[PDB]
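In the block that follows, a single chain appears as structure tokens, in the form deposited without the DNA.
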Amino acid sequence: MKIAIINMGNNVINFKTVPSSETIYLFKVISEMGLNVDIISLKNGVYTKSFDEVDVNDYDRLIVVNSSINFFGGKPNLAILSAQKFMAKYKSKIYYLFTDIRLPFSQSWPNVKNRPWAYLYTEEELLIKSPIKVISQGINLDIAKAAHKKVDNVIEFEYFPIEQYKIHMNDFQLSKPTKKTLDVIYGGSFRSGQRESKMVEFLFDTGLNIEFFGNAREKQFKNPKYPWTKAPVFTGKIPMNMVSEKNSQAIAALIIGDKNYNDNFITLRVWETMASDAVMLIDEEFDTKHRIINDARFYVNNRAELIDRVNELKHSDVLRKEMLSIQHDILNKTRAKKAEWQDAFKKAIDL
């Protein structure tokens, strides 16, 4: 029994980038789960084997970490191409980890045939034929099966809270009380505008001391539909494995998602925030039934309510700690199902 995990459109090396990080974390959870795994990437490294130094069939299971198959600019991307070649020559079922609404599996050949460097590849070389099993972290598999309507070989859809791997790591631990220097914080990319409305709403013009770390930059927010005057301070990216210490820097941390994330996906930032020293403030529309935490104080419907909830936490340290204590206790309740989670994952990949 041997398992291989690879990223479909990103090189894997260290914790500098997010796609590389989530892949190594997945590598780690599966190993700690008592399974023999290898990460296959462009070159050999601390956590990876080289695409051209291994035989895809030495493995009995192939797990693919979703990614964008877009060749930005006029250049070939080996991360995407090499990953698809690897997959293309694999005989058995491929397990596609669908963790981002906008990254469904898809043939890369259509995007290559018309490129000018198309002569370097053949259809037979990149055309992935194996049956595809899509493991979606969305409770309602129907967002996943909708994005995968155009692709044939996809014969299966199964739910599984993939991103719970942050809390099931053996080295995981809750953030400790930390000297506050921020009112609210949020870390992530611009998501190519898919979430501008929510970001402007809860992080702009609040009158509070807010920070937006991550890849997003101020100058990207210019959609006329979502005006603003005072923007939050942008501080750039940091390693994924430093995210909880960062959130812990603020009194409260924001949880928002894409439209199709709502009442479906319980993302990674939910656990990174819930486990930090920052009170978790969820956007109502993101989890209307309150599945994350059954206490309406952790939810904010709009900008005014956020400002209000925060002014409360700023006025009462007794309240801030009471809420921290509550979310931490709830997080521990999900952790106590580690065994049940690992088993569900083993079943997902037909083990």
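In this text, rigid core is short for the largest set of C-alphas that superpose within 1.5 Å between two forms. Don't overthink the numbering: it's just position in the shown sequence, from 1.
Beyond the structure shown, there is the form solved in complex with the DNA, which is absent from this document and is the topic of what follows.
Visitor: Name the residue from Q164, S130, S82, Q220 that puts a heavy atom within 4.5 Å of the DNA in the deposited bound form.
Guide: Result of the distance check: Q220.
Visitor: Considering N140, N215, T122, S92, which brings a non-hydrogen atom within 4.5 Å of the DNA in the deposited bound form?
Guide: Looking at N140, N215, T122, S92 one by one, just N215 meets the 4.5 Å heavy-atom criterion.
Visitor: Contact with the DNA in the deposited bound form for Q327, defined as at least one heavy atom pair within 4.5 Å: yes or no?
Guide: Result no; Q327 lies far from the DNA in the deposited bound form.
Visitor: Is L331 close to the DNA in the deposited bound form, meaning a heavy atom pair under 4.5 Å apart or at it?
Guide: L331 lies outside the contact set for the DNA.
Visitor: Find out whether any non-hydrogen atom of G207 is located within 4.5 angstroms of the DNA in the deposited bound form, and reply yes or no.
Guide: Because no heavy atom of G207 falls inside 4.5 Å of the DNA in the deposited bound form, the answer is no.
Visitor: Quick check on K16: any heavy atom within 4.5 Å of the DNA in the deposited bound form?
Guide: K16 belongs to the contact set for the DNA.
Visitor: With the partner removed from view, which of 168 to 176, 249 to 257, 275 to 283, 229 to 237 is the stretch that lies within 4.5 Å of the DNA in the deposited bound form, judged by heavy atom distances?
Guide: The contacting stretch is 229 to 237.
Visitor: Just give me the residues of 57 to 91, first to last, that have a heavy atom within 4.5 Å of the DNA in the deposited bound form.
Guide: Residue within 4.5 Å: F72, and no other.
Visitor: For the list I80, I128, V279, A216, which one shows a CA move of 2 Å or more between the shown form and the other one after the core is fit?
Guide: After core superposition, the single residue displaced by 2 Å or more is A216.
Visitor: Comparing between the shown form and the other one on the rigid core: C-alpha of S92 shifted by 2 Å or more?
Guide: Stays below the 2 Å threshold, so no.
Visitor: Determine whether the C-alpha of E156 shifts by 2 Å or more between the shown form and the other one once the rigid core is superposed.
Guide: Stays below the 2 Å threshold, so no.
Visitor: By the 2 angstroms cut-off, has the C-alpha of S106 moved between the shown form and the other one once the rigid core is superposed?
Guide: Moves: no, less than 2 Å.
Visitor: Against the shown form, C-alpha atoms of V300 and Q194 in the deposited bound form: closer or farther, for a change of 3 Å or more?
Guide: The answer is closer, because the C-alphas of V300 and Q194 approach each other in the deposited bound form by 3 Å or more.
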